[PDB]
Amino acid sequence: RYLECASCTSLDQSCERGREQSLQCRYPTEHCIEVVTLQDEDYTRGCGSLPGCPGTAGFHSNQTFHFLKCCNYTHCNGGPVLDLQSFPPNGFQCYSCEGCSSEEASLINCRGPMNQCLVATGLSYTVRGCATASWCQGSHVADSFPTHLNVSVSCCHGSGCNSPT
């Protein structure tokens, strides 16, 4: 039948404050979705379809945080608003830079499910940080890159394994 999802948008203050709003989605074609990007601060909750649902995907560096979640139960995408600090450190560290070389790259402490060290380059921006595997292997890195460049990703598991060589 229908799936009832939380609904809000950062155009409004609906994410950042208020009673939680509902929206009907067409399941199984659609699911509850929650998309976060903070550098700027874009936040949305509603209906959508991500391949790999239910699940989450995420990436953070020193100055950017992306997170996505998809799920299939009532208001599963609701609750308190997320930021990077909602996620307890997971024990790993990765090098970080924005779109960068060995002459600067600082380690950050990885949080939540973002336990892979990432390097990605777009044909020329380069980014490094902490990522989930689903972020490494999806189309998510191609998105969140300026315009329509050629994207290659490399991820590894192990603290600091994405160091600039």
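For every residue, the number given is its place in the sequence shown, counted from 1.
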Exercise. As recorded in the PDB entry, how many deposited residues are without coordinates between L123 and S124: none, 1 to 3, 4 to 9, or 10 or more?
Worked result: 4 to 9
For this session: Between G99 and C100, count the deposited residues left without coordinates and pick a bin: none, 1 to 3, 4 to 9, 10 or more.
Result: 4 to 9
Exercise. Do the C-alpha atoms of 125-133 or of 26-34 have the higher average B factor in the entry?
Worked result: 26-34
For this session: Between 135-143 and 107-115, point out the one with the higher average CA B-factor as the PDB entry records it.
Result: 135-143
Problem set entry | Most elevated Cα B-factor in the entry, residues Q39, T44, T56, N62 | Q39
Seminar exercise, completed: In terms of its chain's C-alpha B-factors, the third that includes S154 is the middle
Exercise. Of the three thirds of its chain by CA temperature factor, lowest, middle or highest, which one includes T165?
Worked result: highest
